[PDB]
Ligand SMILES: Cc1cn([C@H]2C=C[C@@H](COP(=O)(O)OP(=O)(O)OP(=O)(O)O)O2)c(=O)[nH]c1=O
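Only one chain is given next, in structure tokens, and it is the form deposited without the ligand.
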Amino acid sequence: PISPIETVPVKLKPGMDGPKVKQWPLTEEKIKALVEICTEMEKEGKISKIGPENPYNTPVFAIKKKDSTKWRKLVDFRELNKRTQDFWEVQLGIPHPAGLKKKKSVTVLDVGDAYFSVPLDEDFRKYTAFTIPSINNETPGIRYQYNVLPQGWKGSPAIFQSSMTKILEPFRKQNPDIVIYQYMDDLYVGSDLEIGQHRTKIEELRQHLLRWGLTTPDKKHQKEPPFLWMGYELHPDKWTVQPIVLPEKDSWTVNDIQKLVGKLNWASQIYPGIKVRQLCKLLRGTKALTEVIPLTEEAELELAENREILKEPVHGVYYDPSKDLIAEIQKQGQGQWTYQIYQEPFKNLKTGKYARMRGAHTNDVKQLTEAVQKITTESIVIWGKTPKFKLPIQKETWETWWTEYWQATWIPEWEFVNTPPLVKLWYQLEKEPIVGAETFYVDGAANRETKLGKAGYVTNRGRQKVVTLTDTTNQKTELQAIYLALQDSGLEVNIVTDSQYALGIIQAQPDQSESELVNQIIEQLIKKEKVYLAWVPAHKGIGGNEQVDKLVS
């Protein structure tokens, strides 16, 4: 049918007029095909013969489906698209399974000829005018316009979705104890009634759609669980991803490895502890898709763990609105984090995996704070509330970080759980100068053209030293001078610099870096006992600043 529902007013973009593409002349079998379709369509009410005045045209085409002997009508709305208004998003975000409440009763309902069952803005049909050429293109062709929503037009998915929503509305108000999920042109219906009173309202629902143009599958034509969907496999009281098979190959091409990383990432939302770092290092470079990549030791070790975790099947449970959500996070490796959400231990609603790094230098406390946030937003999206957290970090560790760090920060309600590795601060810089500790005044520099570089220091006990660096930047040297002061000093040292740069880096208490130097500066800072870092203005003639400043050039 063609639903009675009001139409949605459509416009074209404001400075624009509708399409006028020329019809490409079509062979004879294609002309015959299009006639056979379009007459059957105007019988159904879907289109209508017009006669020019109508100046508009979108080209037509017929294709063979595609070993069978059936044909199909393709329209190239390419241009009417371009000239049509933007619509609202048909749907932004799709439901995550782990967000679903368990249901007593489930039925899937499937709209038929959905787009063609919905009227097109009468004022707009004129722009849909298309034209079937005559044989060897000699006479005036047959010219139709759409009455319903054309397959492949810009406005159709939005307008259909909208129409299915106004039509479901009165029934939703009346049947609030029942959930309908609209995805594309399907419907999913669940309630906590018994199969009887369920199919009672199911039919009662179909007979509501039917008053409105919408024809559906009856009792005899409804699929049963699992309802594979969108990558998931959905059962009556639990869910999992669709079955994942890791290929078995001797050679791996870049394309074999990208597909694997994906299938793993997908598994990662219900299979705890999946890793992909070692496999991802592999993709770096400028290779083609056909290039075979020899797996590293650590990648194979890693494909191994993954190969095992996936061996036995795992499932996720459904959401019980009357319990708290509990999120558990573990440091799983070098900047890699894994988490689990559950309400009753340890039956997970879902699992997940955090791997980003923020900046060139972070420490675990920072990285852990970023995961909490990431996990928090996610929870808002899937369940509408934030979880109780359980983190591998003492309250005192966190409390010492928050307080002394300059950024504002905050995680919601959490608890320490002893799941090593624990996260700790790896060194504290002193808040005051050390006494009887050798004060190094360090400095570094570089010729912007030569790219030559000197880094050195002068101390108050008369020591000096200045090494040379080849092709280094004015700021690389400044870290070097500090690495320097740290190599050549005892377990306690004051260090003075003019680099706000170096300052900033070190005062952040990094514990990993995208820098070799900074990684070494770090391991030193670890080995020390007290270290006090201090900044001074360059070129003001301050302290021993001027001295070492001369040693370098």
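Numbers follow the displayed sequence, beginning with 1.
Below, we turn to the form deposited with the ligand bound, even though it does not appear here.
Contact test, all of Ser268, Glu305 and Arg356, partner the ligand in the bound PDB entry, heavy atom 4.5 Å: Answer is no for this spot.
Note which of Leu279, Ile159, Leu264, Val111 lies within 4.5 Å of the ligand in the bound PDB entry, where distance is taken over heavy atoms; exactly one does. After the contact test, the surviving option is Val111.
Looking at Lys527, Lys49, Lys43, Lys65, which has any heavy atom no more than 4.5 Å from the ligand in the bound PDB entry? Of the listed residues, the single hit is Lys65.
For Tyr483, is any heavy atom within 4.5 Å of the ligand in the bound PDB entry, or not? Answer no; every heavy atom of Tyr483 is more than 4.5 Å from the ligand in the bound PDB entry.
State yes or no: in the bound PDB entry, is some non-hydrogen atom of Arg72 no more than 4.5 angstroms from a non-hydrogen atom of the ligand? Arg72 belongs to the contact set for the ligand.
According to a 4.5 angstroms non-hydrogen atom cut-off, is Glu203 in contact with the ligand in the bound PDB entry? Although the ligand is absent here, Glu203 would stay clear of it in the bound PDB entry, with no heavy atoms inside 4.5 Å.
Can you check whether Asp121 is within 4.5 Å of the ligand in the bound PDB entry, heavy atom basis? Close contact is absent here: in the bound PDB entry, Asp121 is far from the ligand, nothing within 4.5 Å, heavy atoms only.
Can you check 404 to 412, 184 to 192, 372 to 380, 281 to 289 and let me know which stretch has heavy atoms within 4.5 Å of the ligand in the bound PDB entry? It is the stretch 184 to 192.
In the bound PDB entry, which residues of 215 to 231 put a heavy atom within 4.5 Å of the ligand? Stretch hits: a single one, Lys220.
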